[PDB]
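Heads up, entry_10.txt below (compact mmCIF, C-alpha atoms and all ligand atoms):
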# COMPACT_ATOMS: atom_id res chain seq x y z
CA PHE A 41 -38.04 100.62 -193.77
CA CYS A 42 -40.63 99.51 -196.34
CA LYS A 43 -39.59 95.94 -195.54
CA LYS A 44 -38.42 94.00 -192.49
CA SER A 45 -35.38 91.74 -192.35
CA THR A 46 -36.16 88.18 -191.26
CA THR A 47 -35.67 84.48 -191.97
CA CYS A 48 -38.08 83.12 -194.57
CA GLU A 49 -39.84 79.78 -194.20
CA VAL A 50 -41.60 77.71 -196.86
CA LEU A 51 -45.37 78.18 -196.95
CA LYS A 52 -47.34 75.20 -195.66
CA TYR A 53 -50.46 76.52 -197.41
CA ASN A 54 -50.93 78.00 -200.89
CA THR A 55 -54.12 79.86 -199.97
CA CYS A 56 -54.96 82.76 -197.67
CA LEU A 57 -58.67 83.15 -196.90
CA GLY A 58 -59.74 81.85 -200.31
CA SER A 59 -57.01 83.69 -202.23
CA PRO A 60 -54.33 81.70 -204.09
CA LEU A 61 -50.82 83.02 -203.48
CA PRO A 62 -48.20 83.85 -206.16
CA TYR A 63 -45.38 83.15 -203.69
CA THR A 64 -44.17 80.22 -201.59
CA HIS A 65 -42.16 81.85 -198.78
CA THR A 66 -43.43 83.64 -195.69
CA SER A 67 -42.61 84.89 -192.20
CA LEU A 68 -44.52 85.12 -188.92
CA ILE A 69 -42.58 88.16 -187.73
CA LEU A 70 -45.48 90.53 -188.48
CA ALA A 71 -48.20 88.59 -186.65
CA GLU A 72 -47.44 89.12 -182.96
CA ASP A 73 -50.08 86.61 -181.86
CA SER A 74 -48.65 83.67 -183.82
CA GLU A 75 -45.36 81.77 -183.67
CA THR A 76 -46.19 79.03 -186.19
CA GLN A 77 -48.04 78.90 -189.51
CA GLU A 78 -50.53 76.53 -187.87
CA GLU A 79 -51.29 79.23 -185.31
CA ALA A 80 -51.61 81.83 -188.06
CA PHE A 81 -54.12 79.55 -189.77
CA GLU A 82 -56.16 79.40 -186.55
CA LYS A 83 -56.03 83.16 -186.03
CA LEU A 84 -56.95 83.76 -189.69
CA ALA A 85 -60.08 81.62 -189.34
CA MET A 86 -60.91 83.65 -186.23
CA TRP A 87 -61.07 86.79 -188.39
CA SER A 88 -63.24 85.07 -191.01
CA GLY A 89 -66.36 86.19 -189.17
CA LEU A 90 -66.00 89.55 -190.92
CA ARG A 91 -67.12 87.79 -194.12
CA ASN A 92 -70.73 88.67 -193.29
CA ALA A 93 -69.87 92.32 -193.98
CA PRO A 94 -68.62 92.49 -197.63
CA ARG A 95 -67.46 96.12 -197.40
CA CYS A 96 -65.28 95.20 -194.43
CA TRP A 97 -64.13 91.90 -195.93
CA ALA A 98 -63.05 93.50 -199.20
CA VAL A 99 -60.33 95.49 -197.45
CA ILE A 100 -59.66 93.44 -194.32
CA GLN A 101 -58.96 90.18 -196.17
CA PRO A 102 -56.02 91.53 -198.21
CA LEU A 103 -54.67 93.21 -195.05
CA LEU A 104 -54.87 90.15 -192.78
CA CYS A 105 -53.18 88.07 -195.48
CA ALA A 106 -50.44 90.71 -195.74
CA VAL A 107 -49.87 90.35 -191.98
CA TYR A 108 -50.46 86.66 -191.32
CA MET A 109 -49.13 85.17 -194.57
CA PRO A 110 -46.90 87.91 -196.03
CA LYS A 111 -44.49 87.44 -198.93
CA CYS A 112 -40.94 86.70 -197.83
CA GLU A 113 -38.12 87.03 -200.34
CA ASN A 114 -34.35 87.57 -200.10
CA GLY A 115 -34.43 87.73 -196.30
CA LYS A 116 -37.04 90.48 -196.30
CA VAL A 117 -40.75 90.40 -195.54
CA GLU A 118 -43.08 92.97 -197.12
CA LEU A 119 -45.00 95.45 -194.96
CA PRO A 120 -48.71 96.22 -195.51
CA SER A 121 -49.55 99.79 -196.50
CA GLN A 122 -51.04 102.51 -194.29
CA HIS A 123 -53.60 103.28 -196.99
CA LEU A 124 -54.82 99.68 -196.96
CA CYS A 125 -55.04 99.72 -193.16
CA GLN A 126 -57.03 102.96 -192.94
CA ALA A 127 -59.54 101.63 -195.47
CA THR A 128 -60.49 98.93 -192.96
CA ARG A 129 -61.09 101.14 -189.90
CA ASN A 130 -64.56 102.38 -190.88
CA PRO A 131 -66.32 99.37 -192.43
CA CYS A 132 -64.74 97.02 -189.88
CA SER A 133 -65.38 99.24 -186.85
CA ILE A 134 -67.43 96.43 -185.30
CA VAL A 135 -64.09 94.94 -184.23
CA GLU A 136 -63.51 97.91 -181.91
CA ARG A 137 -66.74 97.05 -180.11
CA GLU A 138 -66.34 93.28 -179.94
CA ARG A 139 -62.60 92.78 -179.30
CA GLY A 140 -60.58 95.77 -180.51
CA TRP A 141 -57.51 95.72 -182.76
CA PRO A 142 -54.24 94.16 -181.61
CA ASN A 143 -51.18 96.42 -181.77
CA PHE A 144 -49.96 94.66 -184.91
CA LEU A 145 -53.27 95.50 -186.59
CA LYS A 146 -53.54 99.17 -185.60
CA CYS A 147 -52.96 101.86 -188.22
CA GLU A 148 -51.22 104.12 -185.68
CA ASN A 149 -48.42 101.55 -185.88
CA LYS A 150 -46.23 103.35 -188.42
CA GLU A 151 -43.47 100.71 -188.49
CA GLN A 152 -46.02 98.01 -189.29
CA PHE A 153 -48.06 100.08 -191.74
CA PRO A 154 -45.77 102.61 -193.47
CA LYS A 155 -46.97 104.88 -196.28
CA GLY A 156 -45.27 105.03 -199.67
CA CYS A 157 -44.64 101.38 -200.49
CA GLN A 158 -47.91 100.56 -202.24
NA NA B 201 -45.02 86.15 -184.63
ZN ZN B 202 -38.65 78.03 -201.90

Output the file's structure as structure tokens, nothing else.
Ligand code: NA
Ligand SMILES: [Zn+2]
Amino acid sequence: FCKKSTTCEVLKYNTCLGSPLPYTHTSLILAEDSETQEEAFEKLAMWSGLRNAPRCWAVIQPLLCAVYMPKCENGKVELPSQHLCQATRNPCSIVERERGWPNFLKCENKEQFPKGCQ
């Protein structure tokens, strides 16, 4: 329940939004707007507008990477934490005005963002 069972695929990129990754396997099961890694790349660049607000970017960048390019290992993908999600709501509240959060990026989604597994 802190992880989701899935089939891992080899990462086509070694970088998520500037950050080098310490893993080479991923899954697209968490990003409900992407079916391929090439689509996840496109959607990730779409979120890169939040760079102009450092206090938003500091928390939203690790979260988006945990959703779009998460670590897959031994048939399981890791789930992003509820604490990390809630930290984004306030400094990134501009999203609510401009487009709103997708269901897979809402904190009320307890199966996507469970608490405990930090
Ligand atoms: Na998907
Ligand atoms: Zn491998």

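Among the candidate residues A:109, A:51, A:98, A:124, the one lying nearest to residue A:147 is A:124, with distances computed using all atoms listed in the file.
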
Could you list, as a ChimeraX atom specification, all the residues within 9 Å of ligand ZN 202 (chain B), counting only C-alpha atoms and all ligand atoms?
-> /A:48-51,63-65

Write out as a PyMOL selection string each polymer residue (protein, DNA or RNA) that has an atom no more than 9 Å from ligand NA 201 (chain B), with all atoms listed in the file counted.
-> chain A and resi 67-76+80+108

Between atom CA of residue A:120 and atom CA of residue A:152, what is the spacing in Å?
->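 Atom CA of residue A:120 lies at a distance of 7.0 Å from atom CA of residue A:152.
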
Given the point (-57.1, 83.1, -199.4) in the coordinates of this file, which residues lie within 10 Å, counting only C-alpha atoms, and how would they look as a tab-separated table (two decimals) with C-alpha atoms, in the frame of the given file?
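What landed in result-v6.tsv:
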chain	number	residue	atom	x	y	z
A	53	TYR	CA	-50.46	76.52	-197.41
A	54	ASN	CA	-50.93	78.00	-200.89
A	55	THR	CA	-54.12	79.86	-199.97
A	56	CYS	CA	-54.96	82.76	-197.67
A	57	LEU	CA	-58.67	83.15	-196.90
A	58	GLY	CA	-59.74	81.85	-200.31
A	59	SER	CA	-57.01	83.69	-202.23
A	60	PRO	CA	-54.33	81.70	-204.09
A	61	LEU	CA	-50.82	83.02	-203.48
A	84	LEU	CA	-56.95	83.76	-189.69
A	101	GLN	CA	-58.96	90.18	-196.17
A	102	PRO	CA	-56.02	91.53	-198.21
A	104	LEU	CA	-54.87	90.15	-192.78
A	105	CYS	CA	-53.18	88.07	-195.48
A	109	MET	CA	-49.13	85.17	-194.57

Find the distance between atom CA of residue A:117 and atom CA of residue A:91 and write it in Å to one decimal.
-> 26.5 Å

Nearest candidate to residue A:155 (options A:100, A:119, A:93, A:127; using only C-alpha atoms) |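 Looking only at the distances to residue A:155, the closest residue turns out to be A:119.
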
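Atom pair atom CA of residue A:122 / atom CA of residue A:88 has a distance of 21.5 Å (rounded to one decimal).
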
Test item: residues at most 12 Å from residue A:141, all atoms listed in the file, excluding those fewer than 2 positions along its chain, as a PyMOL selection string = chain A and resi 73+87+100+104+125+128-129+132-139+143-149

Would you please work out which residue, of A:44, A:156, A:86, A:95, is nearest to residue A:111 when using all atoms listed in the file?
->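 Selected residue with least distance to residue A:111: A:44.
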
For residue A:77, the nearest of the candidates A:107, A:42, A:90, A:157, counting only C-alpha atoms =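 Checking each of A:107, A:42, A:90, A:157 against residue A:77, counting only C-alpha atoms, the winner is A:107.
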
Using only C-alpha atoms, the residue out of A:79, A:154, A:89, A:62 with shortest distance to residue A:123 is A:154
